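Chains as they are written, first to last, in the authors' numbering: chain C, 97 to 174, 188 to 238; chain A, 63 to 291; chain B, 13 to 253.
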Amino acid sequence: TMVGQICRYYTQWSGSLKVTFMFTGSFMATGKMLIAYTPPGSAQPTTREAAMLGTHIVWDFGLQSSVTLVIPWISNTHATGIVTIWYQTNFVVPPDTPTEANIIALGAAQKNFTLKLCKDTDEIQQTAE
Amino acid sequence: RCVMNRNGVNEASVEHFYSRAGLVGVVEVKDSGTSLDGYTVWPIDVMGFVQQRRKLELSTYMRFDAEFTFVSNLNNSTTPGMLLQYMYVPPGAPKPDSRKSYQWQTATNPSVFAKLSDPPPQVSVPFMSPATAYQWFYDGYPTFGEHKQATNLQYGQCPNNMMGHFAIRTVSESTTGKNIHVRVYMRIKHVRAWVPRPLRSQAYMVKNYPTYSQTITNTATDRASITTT
Amino acid sequence: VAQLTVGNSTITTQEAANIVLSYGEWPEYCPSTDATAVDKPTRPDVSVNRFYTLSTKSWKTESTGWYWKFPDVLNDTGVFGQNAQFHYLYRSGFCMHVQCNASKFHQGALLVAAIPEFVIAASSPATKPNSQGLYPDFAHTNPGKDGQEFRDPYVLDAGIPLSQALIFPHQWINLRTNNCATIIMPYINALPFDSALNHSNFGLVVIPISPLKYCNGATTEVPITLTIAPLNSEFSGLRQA
Numbered sequence: 097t098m099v100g101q102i103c104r105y106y107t108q109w110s111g112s113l114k115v116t117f118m119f120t121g122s123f124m125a126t127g128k129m130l131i132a133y134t135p136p137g138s139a140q141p142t143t144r145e146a147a148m149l150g151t152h153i154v155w156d157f158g159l160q161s162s163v164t165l166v167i168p169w170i171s172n173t174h188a189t190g191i192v193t194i195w196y197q198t199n200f201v202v203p204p205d206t207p208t209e210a211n212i213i214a215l216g217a218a219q220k221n222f223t224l225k226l227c228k229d230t231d232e233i234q235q236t237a238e
Numbered sequence: 063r064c065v066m067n068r069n070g071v072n073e074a075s076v077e078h079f080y081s082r083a084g085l086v087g088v089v090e091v092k093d094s095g096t097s098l099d100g101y102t103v104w105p106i107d108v109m110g111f112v113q114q115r116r117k118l119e120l121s122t123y124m125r126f127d128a129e130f131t132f133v134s135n136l137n138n139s140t141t142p143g144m145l146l147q148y149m150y151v152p153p154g155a156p157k158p159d160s161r162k163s164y165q166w167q168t169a170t171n172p173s174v175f176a177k178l179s180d181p182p183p184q185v186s187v188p189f190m191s192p193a194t195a196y197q198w199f200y201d202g203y204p205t206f207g208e209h210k211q212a213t214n215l216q217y218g219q220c221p222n223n224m225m226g227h228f229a230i231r232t233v234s235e236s237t238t239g240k241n242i243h244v245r246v247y248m249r250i251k252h253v254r255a256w257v258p259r260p261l262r263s264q265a266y267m268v269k270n271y272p273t274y275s276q277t278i279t280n281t282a283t284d285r286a287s288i289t290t291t
Numbered sequence: 013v014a015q016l017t018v019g020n021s022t023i024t025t026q027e028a029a030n031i032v033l034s035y036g037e038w039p040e041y042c043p044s045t046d047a048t049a050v051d052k053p054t055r056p057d058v059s060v061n062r063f064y065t066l067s068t069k070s071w072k073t074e075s076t077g078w079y080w081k082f083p084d085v086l087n088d089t090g091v092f093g094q095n096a097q098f099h100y101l102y103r104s105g106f107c108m109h110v111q112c113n114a115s116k117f118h119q120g121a122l123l124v125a126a127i128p129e130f131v132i133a134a135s136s137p138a139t140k141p142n143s144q145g146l147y148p149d150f151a152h153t154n155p156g157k158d159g160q161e162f163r164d165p166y167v168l169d170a171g172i173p174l175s176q177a178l179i180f181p182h183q184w185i186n187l188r189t190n191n192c193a194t195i196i197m198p199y200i201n202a203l204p205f206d207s208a209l210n211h212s213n214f215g216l217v218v219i220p221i222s223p224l225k226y227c228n229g230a231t232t233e234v235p236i237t238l239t240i241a242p243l244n245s246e247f248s249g250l251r252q253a
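Have a look at this one:
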């Protein structure tokens with residue numbers, strides 16, 4: 097992500113993030129996924145029910161092909190939340206349409222997101238260029 | 063053949079649908095032969111007969127006062143001047159266990175003294191439930207605790223429907239040698255009903271439980287084909 | 013199509029809110045009685061009155077139907093389950109949203125009805141004297157959050173004809189015209205409050221009248237999702253245990 101690469105250029109950052117999910121199956125495909133967000137300090141849910149009991153989104157990709165999950169706060173200084194996707198329902202399709210699809214996850218920061226203490230990134234390494 | 067006019071809307075009211083005092087119990091005060099009891103205790107049961115049970119189970123909750131009439135006579139239909147005591151044992155009160163039990167003197171048990179020669183004694187029992195209405199269907203357990211009992215009785219048995227008993231006896235000192243047949247007629251008054259339900263379609267197997275036989279009977283009689291009339 | 017957010021729960025549902033209001037009565041808080049004038053029963057917020065999405069039942073061609081006793085369906089589920097397990101008295105309405113995920117090539121019709129005092133009957137082969145076969149086991153009278161499949165849906169497992177179940181607050185799910193049913197059931201009982209663990213105020217039945225049909229290649233089971241939202245829930249007599 098662009099936010100993930102820019103955070104590498106800084107030491108501290110905090111703010112809310114948004115995560116958009118795009119379902120890219122056929123128009124005839126339908127079903128429900130459960131997008132659950134577990135706050136920091138808690139292990140990821142082990143069952144769909146435990147995920148449902150927390151902050152979650154029952155995403156019916158038969159109705160809307162895109163859904164946005166706003167992460168309230170991250171604040172990684174120099188644990189962390191977890192997003193889980195659960196098969197709420199089966200993947201329902203009529204005949205003659207692909208039974209496998211893809212979800213595209215898009216991450217970004219919100220306007221309250223801030224950075225601090227510029228630091229040279231480690232994503233690149235100087236060699237005999 | 064055809065009635066082009068409209069009937070009355072009042073004959074279909076709930077109040078009228080549950081009117082017309084009907085036989086709810088036939089008790090016999092046996093005092094002869096092998097049973098010299100001289101008394102009998104009839105638990106007030108609005109659902110003694112499947113007709114009235116099906117009519118009442120049309121509704122979930124019902125609240126009403128009841129007028130009881132006792133048509134008593136001997137086996138040969140004669141009504142001599144035998145003095146009877148119709149004691150209403152309210153819910154929570156102990157019932158008699160003998161002809162001359164002490165419970166017959168309990169002043170808090172409303173008692174009616176009437177001879178067989180008199181017109182049928184008639185009393186009004188008010189709405190006796192701790193709840194705001196009787197429940198002909200109680201999806202629950204009156205007990206408290208976990209209900210994994212093997213024979214899962216006590217399920218669906220609402221305790222609030224208890225209306226009491228009618229203990230009837232002759233005021234004799236010993237056995238009279240005459241059996242008395244008492245027909246208890248009950249009239250539903252000021253009836254109010256809630257949550258209408260489907261009328262029972264399967265034959266009633268037992269009392270107090272909606273148990274039905276394994277051989278389901280169709281609600282509608284059969285036809286030859288779906289196109290025959 | 014919109015996204016109803018109640019508490020931390022969000023469901024995807026269509027607009028126009030074609031909701032069935034049971035007996036034209038909205039779930040309301042009980043006016044303070046004498047027993048409640050002294051303890052002031054607990055009225056939980058969207059923390060408890062949120063959307064509970066149960067496990068989805070798989071509607072198949074031979075499915076007879078399902079039912080859930082509702083004070084019981086959430087007795088072991090989240091903070092509502094906590095409040096029900098640890099309070100003496102309970103009172104609540106419910107918003108029930110039954111959703112099917114079927115293609116336009118699936119067919120079938122569901123009758124979604126909310127049956128107050130849905131007393132389950134046992135089906136005995138013969139009248140035996142006060143035997144176990146005369147009463148339903150607790151697994152059938154209180155099926156929990158998983159629901160119970162109907163044994164004889166024609167008689168609602170209660171001796172009453174299914175054809176007349178529409179006398180109850182009901183809603184059709186005809187797969188060709190709609191796949192969502194929303195029934196709002198207020199608190200209906202002969203008492204202002206009652207035991208959430210003993211008494212089940214009502215049952216929600218989902219019965220396939222027209223059996224599910226599809227041609228080879230379609231998804232052989234239509235998922236039926238039940239979302240529950242307690243409305244105006246109240247509790248009294250908190251225990252510790």
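Where a beta carbon is used, it is the ideal one built from N, C-alpha and C, also for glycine.
Using only the alpha-carbon positions, how far apart do residue i and residue j sit?
| i | j | result |
| --- | --- | --- |
| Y196 of chain A | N213 of chain B | 15 Å |
| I212 of chain C | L130 of chain C | 13 Å |
| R161 of chain A | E208 of chain A | 41 Å |
| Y105 of chain C | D231 of chain C | 8 Å |
| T231 of chain B | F205 of chain B | 44 Å |
| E77 of chain A | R68 of chain A | 20 Å |
| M66 of chain A | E73 of chain A | 18 Å |
| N199 of chain C | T134 of chain C | 23 Å |
| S263 of chain A | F130 of chain A | 29 Å |
| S275 of chain A | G239 of chain A | 43 Å |
| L226 of chain C | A146 of chain C | 38 Å |
| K92 of chain A | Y247 of chain A | 20 Å |
| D159 of chain A | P181 of chain A | 27 Å |
| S191 of chain A | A188 of chain C | 59 Å |
Show which residues of chain B have a CB atom less than 7 Å away from the CB atom of residue i.
| i | result |
| --- | --- |
| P207 of chain C | Chain B residues near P207 of chain C: none, gap ~12 Å exceeds 7 Å. |
| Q264 of chain A | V167, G171 |
| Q140 of chain C | None at all; the shortest Cβ gap to chain B is about 17 Å. |
| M267 of chain A | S136, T139 |
| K210 of chain A | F150 |
What three-state label does DSSP hand residue i in the structure shown?
| i | result |
| --- | --- |
| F92 of chain B | helix |
| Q216 of chain A | coil |
| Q101 of chain C | helix |
| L149 of chain C | coil |
| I179 of chain B | helix |
| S34 of chain B | helix |
| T24 of chain B | strand |
| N241 of chain A | coil |
| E161 of chain B | strand |
I want to verify the contact list: residues of chain A whose CB lies under 8 Å from the CB of residue i, in sequence order.
| i | result |
| --- | --- |
| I185 of chain B | Result: empty, since nearest Cβ-Cβ is about 20 Å, beyond 8 Å. |
| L203 of chain B | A193, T194 |
| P137 of chain B | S275, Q276 |
| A177 of chain B | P260 |
What whole-angstrom Cβ distance do residue i and residue j have, given they're in contact under 8 Å?
| i | j | result |
| --- | --- | --- |
| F98 of chain B | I240 of chain B | No, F98 of chain B and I240 of chain B are not in contact; Cβ-Cβ is about 20 Å, not under 8 Å. |
| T76 of chain B | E161 of chain B | 6 Å |
| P165 of chain B | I219 of chain B | 5 Å |
| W155 of chain C | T17 of chain B | Wrong, their Cβ atoms sit about 13 Å apart, outside the cutoff. |
Name the chain C residues that come within less than 7 Å of residue i, Cβ to Cβ?
| i | result |
| --- | --- |
| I240 of chain B | None at all; the shortest Cβ gap to chain C is about 12 Å. |
| residue 11 of chain B | The question about residue 11 of chain B has no answer here: the residues shown for chain B are numbered 13 through 253. |
Along chain A, which residues have their Cβ under 7 Å away from the Cβ of residue i?
| i | result |
| --- | --- |
| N95 of chain B | Going along chain A, no residue has its Cβ under 7 Å from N95 of chain B, so there is no contact; the nearest lies around 18 Å. |
| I200 of chain B | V257 |
| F98 of chain B | Those do not exist, as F98 of chain B stays about 14 Å from chain A at its closest Cβ, beyond 7 Å. |
| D164 of chain B | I278 |
Using a Cβ cut-off of 8 Å, pull out every chain B residue sitting near residue i, in sequence order please.
| i | result |
| --- | --- |
| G239 of chain A | Ordered by position in chain B, no residue passes the 8 Å Cβ test against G239 of chain A, which lies about 34 Å from the chain. |
| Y271 of chain A | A133, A134, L146, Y147 |
| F206 of chain A | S207, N210 |
Does the ligand NAD have even one heavy atom less than 8 Å from the beta-carbon of residue i?
| i | result |
| --- | --- |
| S81 of chain A | Summarising the ligand content, the structure contains no ligands, and the ligand NAD is consequently not present. |
What does residue i reach in chain A if we use C-beta pairs closer than 9 Å?
| i | result |
| --- | --- |
| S143 of chain B | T213 |
| field | Residues, ordered as in the chain, of the segment 250–262 of chain A that lie near chain B by beta-carbon distance below 9 Å | value | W256, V257, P258, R259, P260, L261, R262
* To do: Pull out every residue of the segment 204–231 of chain B whose Cβ sits closer than 8 Å to any Cβ of chain C, in chain order.
  => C227, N228, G229, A230, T231
Please name the residues in the segment 114–127 of chain C whose beta-carbon is closer than 7 Å to at least one beta-carbon of chain B, in chain order. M124, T126, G127
| query | the segment 168–199 of chain A: which residues have C-beta closer than 9 Å to a C-beta of chain B, in chain order? | reply | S191, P192, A193, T194, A195, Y196, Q197, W198, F199: these are the residues of the segment 168–199 of chain A whose beta carbon lies less than 9 Å from some beta carbon of chain B, given in chain order.
Contacting positions in the segment 60–88 of chain B - beta carbon closer than 8 Å to chain A:
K81
Members of the segment 35–51 of chain B near chain A, C-beta cut-off 8 Å
When C-beta distances to chain A are compared with 8 Å, the residues of the segment 35–51 of chain B below that value are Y35, in chain order.
Closer than 9 Å, Cβ to any Cβ of chain A: which residues of the segment 102–136 of chain B, in chain order?
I127, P128, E129, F130, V131, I132, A133, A134, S135, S136
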